[PDB]
Ligand SMILES: CCCCCCCCCCCCCCCCCC(=O)OC[C@H](COP(=O)([O-])OCC[N+](C)(C)C)OC(=O)CCCCCCCCCCCCCCCCC
Ligand SMILES: CC(C)CCC[C@@H](C)[C@H]1CC[C@H]2[C@@H]3CC=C4C[C@@H](OC(=O)CCC(=O)O)CC[C@]4(C)[C@H]3CC[C@]12C
Ligand SMILES: CC(C)[C@@H](C)/C=C/[C@@H](C)[C@H]1CC[C@H]2C3=CC=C4C[C@@H](O)CC[C@]4(C)[C@H]3CC[C@]12C
């Protein structure tokens with residue numbers, strides 16, 4: 001036994017050495033390194049200002065720094081809270097810096113690898129003791145990390161901030177000169193005064209060093225230095241490229257490499273800016289207007305203007321994540337709607353400007369490199385403005401200017417008692433989970449989308465037929481749409497429209513011009529209406545995937561036989577193409593595989609007609625959404641006020657808390673908006689959708705699938721079970737030790753009990769990590785297999801441990817004292833002996 005006993009002691013020593021090396025390295029690299037970074041940042045800020053926030057005492061200065069806590073005390077608890085906050089701040093800064101560097105390097109690599117980038121470049125320049133040893137390493141690496149952090153923070157914050165002071169003083173002087181010139185030109189109280197006050201406040205805070213806490217006012221000099229450096233790089237690329245071209249070769253190799261680097265950086269910044277806008281600022285601003293128009297008037301008061309900032313009061317930066325999420329969700333749903341319309345309802349070619357999700361001729365990087373930044377940015381701005389019109393007008397009208405004022409109704413406003421106030425609150429979480437589960441149920445159903453598509457087909461056909469846009473929007477039109485019916489009198493035009501139409505028996509048989517129609521009205525009294533053809537046939541693109549050059553030639557009027565009514569102005573088209581392109585126009589090679597055109601009829605006043613069509617689309621979408629919402633709410637309310645509530649009144653009583661809660665909920669629902677009722681009714685109508693489809697031409701299973709099949713619920717449940725089993729086994733272990741061995745020893749210092757509790761907690765967190773390992777193995781398994789595996793694991797490592805140790809003690813709890821204590825000692829000794837025997841057998 002002695003030989004491999006000593007060997008096992010050596011293995012335990014190796015374990016302990018490895019555990020200590022990992023633990024010390026982890027604690028240092030996770031705590032000290034962010035704290036060393038933050039202390040160096042505070043020291044550099046003090047050097048820049050020249051004075052510490054707390055003169056003389058540098059610890060408090062290096063602990064609290066430039067914070068708003070008024071004279072905080074040096075309490076160990078206060079110190080711990082402050083250091084946690086400092087660690088969070090520095091972790092956020094480091095994460096942001098690392099992400100920015102990674103994104104920029106990836107953009108640089110992708111652009112450099114691109115072949116069209118090489119073509120652009122060629123166009124511009126033209127052709128040519130062991131434990132101790134390990135620890136030593138850990139400490140040495142930590143010292144290297146600390147000195148690297150000091151140097152990097154120096155070169156990245158200290159010097160940039162000083163150069164920022166200089167450059168920002170220069171720019172303030174230049175701005176002052178420009179303002180003086182503007183005032184001279186000009187010469188030769190609530191809103192503006194408030195804005196002037198805010199700007200003067202910011203300027204005084206920066207210049208007089210009063211705002212020492214603001215992140216923005218501290219980063220202003222460094223940000224100015226970085227922006228100036230970027231501007232210099234972008235301008236110097238063009239400056240180096242001056243003169244040289246495809247004809248004038250650039251012989252010098254060093255200058256060639258310098259330009260290659262500068263141009264790569266310029267393209268990196270251009271593509272990064274465009275992508276950052278389109279992917280963050282586009283969704284974030286869309287979410288901001290969604291908050292302004294829909295969420296704030298509904299989940300908050302109409303008087304307020306934004307709602308997400310209030311619920312993100314815990315950590316205001318999370319409002320950006322919330323805004324991005326809601327904006328991205330809105331854009332995804334709008335893209336789905338446009339996809340449905342494009343797929344089935346409207347003519348293929350109408351929505352050519354909107355980007356087609358399934359387009360083989362998509363080269364995002366190539367287009368970002370070649371097309372000028374101004375043109376792409378302008379297209380983004382107009383698309384953003386159109387999305388703003390849709391969001392703000394379409395939702396905010398109903399939520400702000402229609403229901404509260406015209407109808408004087410709170411039917412589109414959550415009741416005061418159920419308005420969420422914080423993101424972590426139960427109200428917000430319940431609303432969000434209800435919406436998520438209902439969305440999952442609706443998407444899972446196979447009859448909702450079809451019915452919706454049929455509704456939109458009917459709506460589009462009706463609106464287009466009314467506006468005489470059937471040919472342009474749908475592709476099929478009767479000849480009656482190709483002219484307006486001129487009536488003799490306004491009475492016949494409006495009051496007697498049907499009578500006047502019936503009077504003319506030659507209306508659609510023969511076309512009459514306007515002057516001829518007036519002449520016939522003057523001559524004859526029997527007929528008071530005639531058909532006057534108007535509008536001209538036009539060429540329109542026959543597919544959504546059409547080269548941008550083709551679009552510039554495919555909106556020209558034509559005769560019946562595909563002959564242009566006016567000779568095409570080719571030179572103007574070429575000039576517009578040159579403007580739409582840039583120095584790199586020829587490099588773009590647009591594919592003409594899908595460049596075909598339809599000859600469709602376009603009525604007069606086309607712009608007004610399709611604007612009215614979009615207005616009618618908004619009107620009918622609003623009618624559909626409001627009808628679905630209110631029908632769902634009314635259906636559930638009728639079911640849950642004339643249905644279950646009387647039953648609860650009989651069974652649960654008339655004064656029970658549950659009965660009062662649901663009764664008040666229903667009574668408010670008759671006048672307010674309950675999202676829960678709306679969602680449940682939406683599920684019910686989704687079920688009725690099949691019957692609706694059949695006539696016009698299970699529930700619990702679906703709910704179960706949607707709930708217990710989503711990855712969110714699975715992850716939440718598995719984490720909950722892991723925590724539960726860990727805490728259960730910790731309670732078992734602590735109770736066993738204390739109310740067993742300790743009590744028996746006493747029969748025969750909180751610090752020690754907390755220490756052993758920590759040890760048991762660590763070992764049982766390892767036990768829980770065993771279940772976490774089970775999670776990954778069973779992540780994709782079926783619901784029944786998942787539930788059975790989870791139940792067996794929980795049972796065995798939970799209630800089995802419960803029964804083996806605690807329950808006999810439960811039952812067991814003069815000679816009877818001795819019997820009790822001896823029996824408990826014997827059972828503990830038997831368990832210890834069994835464990836030791838198993839370990840010895842394995843050994
Ligand atoms: C960059 C702009 C695109 C923005 C992307 C996001 C917008 C989402 C879709 C909204 C469509 C409405 C915007 C119309 C803008 C037309 C710009 C253009 O390039 O036109 C050139 C063309 C030609 O204009 P022209 O007749 O002046 O001729 C110009 C001739 N050349 C090219 C030689 C100079 O105009 C059109 O073809 C207009 C067609 C509009 C058809 C409308 C389809 C309705 C179907 C419903 C979809 C909308 C659902 C959302 C509605 C919800 C309301 C709340
Ligand atoms: C205000 C300063 C101090 C920092 C600003 C950071 C924000 C603008 C953050 C908050 C949420 C971040 C977004 C959170 C997550 C992602 C997902 C990511 O998605 C993809 O890259 C898709 C790629 C593919 O699948 O092809 C794009 C960046 C983005 C939106 C981030 C962009 C930057 C955002 C908007
Ligand atoms: C205003 C310009 C013309 C003058 C003053 C140049 C200032 C230099 C010091 C600036 C301009 C660009 C800055 C710069 C660019 C890129 C990086 C990489 C990053 O990972 C750390 C910061 C670091 C290393 C900084 C250091 C400071 C630089 C080099």
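The count begins at 1 with the first shown residue.
Technique stated in the header: electron microscopy, 3.2 Å.
Even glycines carry a Cβ here, placed using N, Cα and C.
Here is what Swiss-Prot says about this protein:
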TOPO_DOM  41-91  topological domain 'Lumenal'
TOPO_DOM  293-305  topological domain 'Lumenal'
TOPO_DOM  327-384  topological domain 'Cytoplasmic'
TOPO_DOM  406-422  topological domain 'Lumenal'
TOPO_DOM  443-610  topological domain 'Cytoplasmic'
TOPO_DOM  632-664  topological domain 'Lumenal'
TOPO_DOM  773-796  topological domain 'Cytoplasmic'
TRANSMEM  92-112  transmembrane segment
TRANSMEM  135-155  transmembrane segment
TRANSMEM  158-178  transmembrane segment
TRANSMEM  272-292  transmembrane segment
TRANSMEM  306-326  transmembrane segment
TRANSMEM  385-405  transmembrane segment
TRANSMEM  423-442  transmembrane segment
TRANSMEM  611-631  transmembrane segment
TRANSMEM  665-685  transmembrane segment
TRANSMEM  717-737  transmembrane segment
TRANSMEM  752-772  transmembrane segment
TRANSMEM  821-841  transmembrane segment
Straight-line CA separation, residue 697 and residue 698, 42 intervening residues not modelled, Å = 23
Key: Close approaches to the transmembrane segment (306-326) from elsewhere in its chain (Cβ under 8 angstroms; 6 or more beyond its ends)   = 280, 283-288, 290-292, 295-296, 299-300, 420-425, 428
Ask   = What residues in the same chain, six or more past the boundaries of the topological domain 'Lumenal' (293-305), come closer than 8 Å to it by Cβ-Cβ distance?
value = 326, 391-392, 394-396, 399-400, 404, 412-414, 419-420, 431, 673
Inquiry  = Same chain only, please: residues at least 6 beyond the ends of the transmembrane segment (272-292) with a C-beta under 8 Å from a C-beta of the stretch. Say none if there are none.
reply    = 103-104, 107, 305-308, 320, 322-328, 330-331, 368, 373, 376-377, 380, 384, 387-388, 391-392, 395-396
Key: Å between C-alpha atoms of residue 814 and residue 813, the residues bounding 33 unmodelled positions   = 15
Request  = Mark yes when the transmembrane segment (611-631) and the transmembrane segment (385-405) have three or more Cβ pairs under 8 Å (sequence separation 6 or more) and no when they do not.
outcome  = yes
Task = Residue list, the topological domain 'Cytoplasmic' (773-796) vs rest of chain: Cβ under 8 Å, 6 or more residues beyond ends.
result = 708-709, 714, 717-718, 721-722, 724-725
Note = One would quote the Cα-Cα distance in Å spanning the 222-residue unmodelled segment from residue 128 to residue 129, in whole numbers, as 61
